[PDB]
Amino acid sequence: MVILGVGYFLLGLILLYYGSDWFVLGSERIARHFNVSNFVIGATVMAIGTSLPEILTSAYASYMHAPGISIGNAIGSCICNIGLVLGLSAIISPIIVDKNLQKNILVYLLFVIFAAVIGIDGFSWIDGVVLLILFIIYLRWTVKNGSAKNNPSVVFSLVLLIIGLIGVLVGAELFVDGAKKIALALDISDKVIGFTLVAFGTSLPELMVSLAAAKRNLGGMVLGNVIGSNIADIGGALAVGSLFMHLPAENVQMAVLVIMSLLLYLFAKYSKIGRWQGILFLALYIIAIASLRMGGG
Ligand SMILES: CCCCCCCC/C=C\CCCCCCCC(=O)OC[C@H](O)CO
Ligand SMILES: CCCCCCCC/C=C\CCCCCCCC(=O)OC[C@H](O)CO
Ligand SMILES: CCCCCCCC/C=C\CCCCCCCC(=O)OC[C@H](O)CO
Ligand SMILES: CCCCCCCC/C=C\CCCCCCCC(=O)OC[C@H](O)CO
Ligand SMILES: CCCCCCCCCCCCCCC
Ligand SMILES: CCCCCCCCCCCCCCC
Ligand SMILES: CCCCCCCCCCCCCCC
Ligand SMILES: [Ca+2]
Ligand SMILES: [Ca+2]
Ligand code: NA
Ligand code: NA
Ligand code: NA
């Protein structure tokens with residue numbers, strides 16, 4: 001039982017580690033095949049693939065009458081993706097953002113501010129429908145602007161991508177299930193801590209994929225994955241949750257998100273996303289986890 005937990009834990013870590021690199025390599029190849037930028041592949045295929053855990057979690061939680069967990073997971077993930085994921089990644093591989101990606105980030109910022117505003121009194125199912133529609137438009141707009149028989153180069157590419165994605169998603173699940181089994185076996189299971197960590201657990205794919213990308217200096221892919229994941233978590237995970245039940249307001253977390261998103265845009269536009277910017281993101285992340293209410297909603 002503690003043995004099984006340790007086996008899942010370790011296997012999960014292995015699958016996350018190697019799976020992330022395969023997903024990155026396959027995604028980079030696919031980008032070249034389709035003549036799109038790494039940012040575009042990161043913001044679309046990679047972002048959505050890695051946000052499948054958030055979407056399922058938020059949908060399930062709300063369906064099970066825990067809308068606090070549903071929104072806690074969605075917004076907590078966005079904060080994790082900028083504070084921790086981008087923070088670490090930026091230190092590993094500093095990013096200078098080109099003029100067109102800057103505009104994509106501005107659109108992201110507007111979307112986040114829009115979500116925060118309509119969310120002041122919580123999120124209804126109509127809020128969800130709107131955010132989902134905007135999410136779809138964002139994807140199509142992003143692909144438009146970043147764009148332009150059986151081929152073994154392409155097949156290998158898709159295999160790498162899909163197997164890598166399977167690897168990170170199964171890996172994250174095993175890692176989390178393993179941790180939970182260990183905690184249970186050692187009699188240190190704590191529901192409040194567990195729910196606090198939901199958003200982190202679902203963000204393990206984003207974390208490992210972004211670190212793998214950063215190690216290969218694929219800065220545009222890192223940024224696309226972070227920006228795209230946050231949009232997927234709001235227009236997808238949060239939105240779907242709101243379809244099952246009204247989601248209670250999280251005004252403090254949304255304000256933290258808006259502040260981090262604003263900083264991300266300002267750095268992108270006027271500076272770079274490098275070592276000191278990453279240090280700041282991590283510092284804000286650490287302050288957030290030190291001070292935000294526990295329980296994940
Ligand atoms: C298309 C590009 C050009 C246009 C860009 C526009 C960007 C707007 C984003 C933030 C400003 C505030 C938007 C505020 C919308 C508030 C709606 C509202 O008050 O809704 C209340 C309802 O209860 C909620 O569920
Ligand atoms: C992805 C590209 C767009 C990124 C974002 C750009 C700004 C969008 C801002 C306003 C238009 C919003 C949709 C049309 C107006 C909806 C107003 C509203 O409040 O919708 C929910 C409703 O309040 C619930 O009761
Ligand atoms: C502190 C080291 C964390 C290490 C990395 C894994 C983080 C994700 C693990 C559980 C989150 C989702 C749990 C949903 C169920 C929680 C059930 C619960 O009570 O778990 C409490 C236990 O304390 C949990 O270790
Ligand atoms: C070969 C293995 C290479 C591994 C490389 C690992 C890099 C890990 C980065 C941070 C660890 C964070 C540990 C604690 C994680 C949960 C933190 C938390 O409090 O999450 C709250 C919320 O759910 C979300 O913000
Ligand atoms: C023009 C290329 C992109 C076309 C639109 C792709 C839309 C993909 C939407 C995925 C949505 C996942 C969450 C659904 C609730
Ligand atoms: C640019 C507007 C951002 C709003 C960001 C989220 C927080 C709104 C906080 C409102 C605080 C007072 C609430 C009274 C119910
Ligand atoms: C490749 C050289 C990397 C040097 C990285 C220094 C990283 C410092 C991270 C500090 C995080 C601080 C959070 C508040 C204490
Ligand atoms: Ca995720
Ligand atoms: Ca609302
Ligand atoms: Na994602
Ligand atoms: Na998450
Ligand atoms: Na995410």
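We use all heavy atoms of the structure for the numbers below, so side chains are in, but hydrogens, waters and symmetry mates are not. Numbers here simply count residues along the sequence, with the first being 1. Order of listing sets the numbers, starting from 1, for every ligand and every atom in it.
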query = Among protein heavy atoms, which sits nearest to atom 14 (C) of ligand 5, and what does the distance come to when rounded to 0.1 Å?
reply = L132 CD1, 4.4 Å
Interfacing atoms of ligand 5 (cut-off 4.0 Å, heavy-atom, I136) = 9 (C)
ask   = Do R216 and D21 meet the salt-bridge criterion of a basic N to acidic O distance under 4.0 Å?
value = yes
query = Which residue supplies the protein heavy atom nearest to atom 12 (C) of ligand 5, what is that atom called, and how far is it?
reply = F135 CE2, 4.2 Å
ask   = Who pairs with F195 by ring pair (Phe, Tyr, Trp, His ring centres under 6.0 Å), at least two apart in sequence or on another chain?
value = none
ask   = Stepwise, does the side-chain contact (heavy atoms from CB on, under 4.5 Å) test hold for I75 with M254?
value = CA-CA 7 Å; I75 304 309; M254 286 305 300; 3.4 Å; yes
query = Can you list the ligand 2 atoms lying under 4.0 Å from a non-hydrogen atom of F114?
reply = 9 (C), 10 (C), 12 (C)
inquiry  = List ligand 2 atoms under 4.0 Å from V130, heavy atoms only on the residue side.
reply    = 13 (C), 20 (O), 21 (C)
key: Partner residues of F39 under the ring pair (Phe, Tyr, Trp, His ring centres under 6.0 Å) criterion, sequence neighbours left out   = none
Kindly print each ligand 3 N/O atom paired with any protein N/O atom under 3.5 angstrom away, one pair per line, or none if nothing qualifies.
{"unit_1": "ligand 3", "atom_1": "19 (O)", "unit_2": "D190", "atom_2": "O", "d": "3.2"}
{"unit_1": "ligand 3", "atom_1": "19 (O)", "unit_2": "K191", "atom_2": "N", "d": "3.1"}
{"unit_1": "ligand 3", "atom_1": "23 (O)", "unit_2": "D190", "atom_2": "N", "d": "3.2"}

message = Measuring from atom 15 (C) of ligand 5, which candidate in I55, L243, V45, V240 has the nearest non-hydrogen atom?
response = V240
key: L264/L223 under side-chain contact (heavy atoms from CB on, under 4.5 Å): CA gap, chis, key distance, verdict   = CA-CA 10 Å; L264 177 47; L223 204 56; 4.0 Å; yes
note = atom 1 (C) of ligand 5 has as its nearest protein heavy atom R140 NE, 3.4 Å
request  = Provide, to 0.1 Å, the distance between atom 10 (C) of ligand 5 and the closest protein heavy atom, together with that atom's residue and name.
outcome  = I48 CD1, 4.2 Å
query = With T196, which residues qualify under side-chain hydrogen bond (donor to acceptor under 3.5 Å, both in side chains), at least two apart?
reply = none
ask   = Who's closest to atom 8 (C) of ligand 5 heavy-atom-wise, of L52, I137, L139?
value = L139
query = Under a 4.0 Å heavy-atom limit, does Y138 contact ligand 2 with its side chain, its backbone, both, or neither?
reply = both
query = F175 and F9: aromatic ring centres closer than 6.0 Å?
reply = yes
request  = Give a yes or no on whether the backbone of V226 and the side-chain of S229 come within a donor-acceptor separation of less than 3.5 Å.
outcome  = no
inquiry  = Which residue in the set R32, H33, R29, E28 passes side chain to side chain donor-acceptor pair (under 3.5 Å) when paired with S157?
reply    = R29
Heavy-atom donor-acceptor pair, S58 side chain to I55 backbone, under 3.5 Å = no
inquiry  = Test your reading of the model: is there a side-chain donor-acceptor pair from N104 to the backbone of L101, 3.5 Å cut-off?
reply    = no
